[PDB]
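Heads up: the sequence shown begins at 286 in the working numbering, then just goes up one per residue. Virtual Cβ for every residue (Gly too), placed ideally from N, Cα, C. Single-structure report; data block below.
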Amino acid sequence: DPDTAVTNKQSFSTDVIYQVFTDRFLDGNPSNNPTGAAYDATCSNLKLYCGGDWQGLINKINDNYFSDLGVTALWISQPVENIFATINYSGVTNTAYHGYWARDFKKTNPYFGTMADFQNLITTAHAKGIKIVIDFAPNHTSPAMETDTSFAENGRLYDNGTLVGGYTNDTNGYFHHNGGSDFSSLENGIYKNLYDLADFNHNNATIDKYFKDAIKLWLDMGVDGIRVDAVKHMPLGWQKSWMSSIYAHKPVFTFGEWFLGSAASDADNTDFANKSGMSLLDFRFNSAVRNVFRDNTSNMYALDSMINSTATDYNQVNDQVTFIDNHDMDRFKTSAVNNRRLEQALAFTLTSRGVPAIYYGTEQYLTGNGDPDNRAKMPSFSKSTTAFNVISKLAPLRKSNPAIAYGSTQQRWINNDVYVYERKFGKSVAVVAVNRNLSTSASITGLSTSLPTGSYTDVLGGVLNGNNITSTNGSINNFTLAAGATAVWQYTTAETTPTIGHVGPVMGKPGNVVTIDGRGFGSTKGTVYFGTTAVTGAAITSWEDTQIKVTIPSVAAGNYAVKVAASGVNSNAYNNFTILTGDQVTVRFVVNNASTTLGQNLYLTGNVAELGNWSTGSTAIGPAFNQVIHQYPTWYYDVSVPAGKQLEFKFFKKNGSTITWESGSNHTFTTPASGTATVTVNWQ
Ligand SMILES: [Ca+2]
Ligand SMILES: [Ca+2]
Numbered sequence: 286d287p288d289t290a291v292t293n294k295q296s297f298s299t300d301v302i303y304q305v306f307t308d309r310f311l312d313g314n315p316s317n318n319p320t321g322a323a324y325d326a327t328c329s330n331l332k333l334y335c336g337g338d339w340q341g342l343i344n345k346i347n348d349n350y351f352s353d354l355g356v357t358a359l360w361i362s363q364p365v366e367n368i369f370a371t372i373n374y375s376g377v378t379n380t381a382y383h384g385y386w387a388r389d390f391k392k393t394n395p396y397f398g399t400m401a402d403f404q405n406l407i408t409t410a411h412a413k414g415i416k417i418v419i420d421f422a423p424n425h426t427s428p429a430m431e432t433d434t435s436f437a438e439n440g441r442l443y444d445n446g447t448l449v450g451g452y453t454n455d456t457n458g459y460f461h462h463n464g465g466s467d468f469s470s471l472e473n474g475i476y477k478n479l480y481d482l483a484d485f486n487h488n489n490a491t492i493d494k495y496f497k498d499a500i501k502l503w504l505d506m507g508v509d510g511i512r513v514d515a516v517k518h519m520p521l522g523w524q525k526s527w528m529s530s531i532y533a534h535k536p537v538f539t540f541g542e543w544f545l546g547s548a549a550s551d552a553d554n555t556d557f558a559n560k561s562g563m564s565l566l567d568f569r570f571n572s573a574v575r576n577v578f579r580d581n582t583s584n585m586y587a588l589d590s591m592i593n594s595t596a597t598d599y600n601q602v603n604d605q606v607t608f609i610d611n612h613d614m615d616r617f618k619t620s621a622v623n624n625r626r627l628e629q630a631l632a633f634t635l636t637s638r639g640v641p642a643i644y645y646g647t648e649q650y651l652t653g654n655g656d657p658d659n660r661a662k663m664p665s666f667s668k669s670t671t672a673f674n675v676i677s678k679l680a681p682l683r684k685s686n687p688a689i690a691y692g693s694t695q696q697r698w699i700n701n702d703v704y705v706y707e708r709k710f711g712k713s714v715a716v717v718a719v720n721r722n723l724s725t726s727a728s729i730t731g732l733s734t735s736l737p738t739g740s741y742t743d744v745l746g747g748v749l750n751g752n753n754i755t756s757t758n759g760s761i762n763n764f765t766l767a768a769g770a771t772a773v774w775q776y777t778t779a780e781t782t783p784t785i786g787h788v789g790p791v792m793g794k795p796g797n798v799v800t801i802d803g804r805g806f807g808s809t810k811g812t813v814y815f816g817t818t819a820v821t822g823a824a825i826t827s828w829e830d831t832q833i834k835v836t837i838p839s840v841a842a843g844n845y846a847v848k849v850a851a852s853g854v855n856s857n858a859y860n861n862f863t864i865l866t867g868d869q870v871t872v873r874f875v876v877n878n879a880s881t882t883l884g885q886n887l888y889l890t891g892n893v894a895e896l897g898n899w900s901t902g903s904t905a906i907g908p909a910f911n912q913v914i915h916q917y918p919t920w921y922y923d924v925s926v927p928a929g930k931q932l933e934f935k936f937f938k939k940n941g942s943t944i945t946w947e948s949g950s951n952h953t954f955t956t957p958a959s960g961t962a963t964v965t966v967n968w969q
């Protein structure tokens, strides 16, 4: 199938995702609505259920609202059964309308629909070329008070109807009983409760197994992608192990939410995107876009600086999901914000790198500050706004022009209020010019681009005052960019040599199938390379001009560049593919008596690529934790490691450049065939 097909669950680079709160979009079936105090027919009390459901989403796919808007994927609320109880938080009744307070991850939420309704959502969507992404929240169940079992449902978890356990009298240790996080460190936010939400203990092997089994059920139902909630609040090691079981079973595009409040690099956030096996919501792109277009606190140089720095930090910047707002911040539209600034921020997100997501109602200019006002009922299904028109003209370009979906980004002209940038992939080129100044036009002279000689019409057809241009071997004739204008000019052609645009997933064990997307691979099965290893023949499960599916070779675990050769021409290399040693389990490593100096941290390495193959650098594990589950001078860390394998390891202390290793012989441990384990040793 081509890269562009609805069938491509491994890459959303050619898609535009529409993020919807299922409850707030359309009540397509009033008979499944909640009753009593939990429901509000008028939807003016935004903490209660308004009644929106999966039949409502089926209706709008069927009357072409989404196809006309041009979105090609729906990201919906968590589909699983949530608590039924209502919770009174200081006088105001709160419900689980948002989907985040799960109680059974193997059943549907009956207010959104039955399993049959879910299956009908998947079929209807796929028949229209729309992918389905679901929220999944493995960090917690629901609000719970250990001392008061009458509060809410005491965070009880059910396994398809059978009780597994609640937060009070949790003798099995399914949940953490460490109090609530104060968010003072990474560690503190992982092993304590987020507010009053009962925190899962994923080191408990029943819970590990439960979540591997629960996600398999939803993948077997045809979901195309997963948005993981609260990835900052769960151990990276457990999440990498859970990600490797998804990719070994039915690989789908997965991204997480790790909140950031500015456009600055955050080392922990960069590491998570690079090492976990999943990508992230791009809050750094989002802060720069709001600062420049919404709040006027930065100018166009902050936009370009964020483009360069994120392309540098993230190994696969094209896997990061971009947006101008969402469920965690004020709606982009405010009375102080003009419509053209929102339309411009949409035009910029849709033509920039990453996977763009639009929060439902953006095309209707929905307002709302804070939670829950930013989650208002979908106000109209009008197809007439300029915002609607901008998304329907630009979203198709991610499918028809590979420079938008996969290209690099280069600055071509910039000053405080004007930004002109270019996307390029092979011979395809897209150039976007934006003038955010609402009252004065800009005379543009000396612009050079990669557009071939020719004249170019604005893809937006002048709806944002864009103009047409003329290229003479890339030099653009002088023109005036109007007040508030944005114009998009493009050139696509067929690629003749192989060039790789995306590989998904970028982590797996031998035997897993990965998807290579791009252009110019031809119809004749060639060879794929993982480093030096050539993979040919039957190992390549399908080969066409824009997409290859290939089995990962049995080669040593490590970091590899993937390259394709078609008719003796070698492509560009796609870097940083992780091959794992095999199936993964999560092991908690605990080391006693490791005293340290001020500013000295503890790290772990060992003899498999998952522990860094004896390196003391960025592939080593750590720094280890020492506050919540075990306390200094005991340190601990949860690590994804190959299953059923005898491992050798040592801890080491590192303060700057100087490394001090444990003495003696290596510690050894044989990992379990599945699940989790804990190994405790003493510092030598
Ligand atoms: Ca309903
Ligand atoms: Ca947690």
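If residue i sits next to residue j, beta carbons under 8 Å apart, how far is it from one beta carbon to the other, in whole angstroms?
| i | j | result |
| --- | --- | --- |
| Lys-848 | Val-893 | Not really, about 25 Å apart at Cβ, beyond 8 Å. |
| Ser-728 | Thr-778 | Actually they are not in contact, since the Cβ atoms of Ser-728 and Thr-778 sit about 31 Å apart, beyond 8 Å. |
| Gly-474 | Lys-525 | Contact doesn't hold; Cβ gap of about 18 Å is too wide. |
| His-612 | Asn-576 | Actually they are not in contact, since the Cβ atoms of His-612 and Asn-576 sit about 20 Å apart, beyond 8 Å. |
| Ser-564 | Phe-540 | 5 Å |
| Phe-460 | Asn-486 | 6 Å |
Quick one, are the C-beta atoms of residue i and residue j less than 7 Å apart?
| i | j | result |
| --- | --- | --- |
| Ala-690 | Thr-299 | yes |
| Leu-736 | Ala-768 | no |
| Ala-905 | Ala-928 | no |
| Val-876 | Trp-968 | yes |
| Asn-424 | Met-519 | yes |
| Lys-391 | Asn-317 | no |
| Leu-932 | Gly-891 | yes |
| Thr-738 | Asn-758 | yes |
| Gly-803 | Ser-296 | no |
| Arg-512 | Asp-420 | yes |
| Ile-825 | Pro-795 | no |
For residue i and residue j, I'd like the C-alpha separation in whole angstroms.
| i | j | result |
| --- | --- | --- |
| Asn-559 | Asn-762 | 42 Å |
| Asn-701 | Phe-815 | 44 Å |
| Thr-357 | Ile-676 | 11 Å |
| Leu-448 | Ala-552 | 40 Å |
| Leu-482 | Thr-426 | 7 Å |
| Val-799 | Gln-832 | 10 Å |
| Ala-680 | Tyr-704 | 20 Å |
| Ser-375 | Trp-386 | 19 Å |
| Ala-412 | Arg-683 | 20 Å |
| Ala-851 | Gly-960 | 41 Å |
| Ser-880 | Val-964 | 19 Å |
| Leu-635 | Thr-378 | 38 Å |
| residue 274 | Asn-593 | The question about residue 274 has no answer, for the chain in this structure spans 286 to 969. |
| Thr-671 | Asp-338 | 28 Å |
| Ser-856 | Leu-354 | 35 Å |
Would you mind reading off the limits of the beta strand (DSSP E) that contains residue i?
| i | result |
| --- | --- |
| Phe-764 | 764-766 |
| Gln-775 | 771-776 |
| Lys-494 | Premise fails: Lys-494 lies in the alpha helix (DSSP H), 490-505, not in any beta strand (DSSP E). |
| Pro-641 | 640-644 |
| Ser-728 | 727-729 |
| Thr-784 | 784-789 |
| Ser-713 | 713-720 |
| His-915 | Segment: none, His-915 is in no beta strand (DSSP E) and carries neither H nor E. |
Using alpha carbons as the reference points, say which of the options lies closest to residue i.
| i | options | result |
| --- | --- | --- |
| residue 269 | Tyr-374, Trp-503, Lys-709, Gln-832 | Residue 269 is absent from the model: the chain starts at 286 and stops at 969. |
| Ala-370 | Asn-855, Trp-360, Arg-388 | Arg-388 |
| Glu-438 | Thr-432, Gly-451, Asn-445, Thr-447 | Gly-451 |
| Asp-589 | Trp-899, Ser-760, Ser-637, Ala-841 | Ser-637 |
| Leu-333 | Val-788, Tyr-396, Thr-539, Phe-937 | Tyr-396 |
| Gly-384 | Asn-454, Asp-514, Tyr-476, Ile-500 | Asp-514 |
| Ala-846 | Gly-796, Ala-819, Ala-824, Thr-866 | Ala-819 |
| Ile-699 | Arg-721, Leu-682, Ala-688 | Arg-721 |
| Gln-869 | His-952, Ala-858, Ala-962, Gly-884 | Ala-962 |
| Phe-578 | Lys-535, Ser-529, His-787, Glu-628 | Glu-628 |
Considering just the uninterrupted stretch of the alpha helix (DSSP H) at residue i, what are its terminal residues?
| i | result |
| --- | --- |
| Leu-342 | 339-347 |
| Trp-527 | 521-534 |
| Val-675 | 671-679 |
| residue 1030 | The chain is shown only over 286 to 969; residue 1030 falls outside these bounds and no answer can be derived. |
| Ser-594 | 585-598 |
Beta carbon shell of ligand 3 at less than 6 Å from a heavy atom
With respect to ligand 3, the structure shown offers nothing to examine, as its ligands consist of ligand 1 and ligand 2.
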